[PDB]
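Just the one chain here, the form deposited without the DNA, laid out as structure tokens.
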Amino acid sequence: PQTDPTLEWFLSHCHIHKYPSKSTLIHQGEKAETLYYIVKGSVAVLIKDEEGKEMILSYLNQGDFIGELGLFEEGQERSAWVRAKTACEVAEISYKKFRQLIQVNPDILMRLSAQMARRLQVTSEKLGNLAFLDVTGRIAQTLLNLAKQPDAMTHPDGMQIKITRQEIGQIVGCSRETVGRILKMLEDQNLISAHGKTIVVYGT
């Protein structure tokens, strides 16, 4: 189901706010004191390497918590930027108020922690993929994963997505021009087709 009494009980203690596409909701390095929850829309989580190249860590969607990593220890800073990808409606609540809720009904912490565990798995797998997959394998895996994001439109030949070469590069950790060359190959190999800011993935 989309939601449930526990989530709605939780949401009743929150203020829900709207953000236009491309808003930065969370800035890296700032003090964390607030927990968020996506009621509609999607965001990208961003970090940088030591040279200041931007990497897209994750997409997060409706039903996902954000800003949860500061909850657990005093005086923590936001680990990453979070930017709207889509017009967003986002519930929000102070860590203070959320800690009470946790005592009232620990399941709400269970819900949150299920997401942190999944994130650690997913993020660990990407790490492994740096070393175990080659760049072509990583782009291809990325196309496969994008293909089952909840925003992926349906098509006679498989899932259609919309993403720039730039964005694919930032997800995988390679340049825009490398993505360019590789997509060209992939479709010349009739595994995908790519006309527009928009790509059809066969199978999925």
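The first residue of the sequence shown is number 1, and the count goes up from there.
This protein has a second form, the form deposited with the DNA bound, left out of what is shown; the following refers to that one.
In the entry with it bound, at least one heavy atom of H195 sits within 4.5 Å of the DNA.
The closest non-hydrogen atom of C174 lies within 4.5 Å of the DNA in the entry with it bound. The closest heavy atom approach of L144 to the DNA in the entry with it bound falls outside 4.5 Å. Interface membership of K22, defined by any non-hydrogen atom within 4.5 Å of the DNA in the entry with it bound, is confirmed.
Only one of 163-171, 58-66, 30-38, 144-152 lies within 4.5 Å of the DNA in the entry with it bound by heavy atoms, and it is 163-171.
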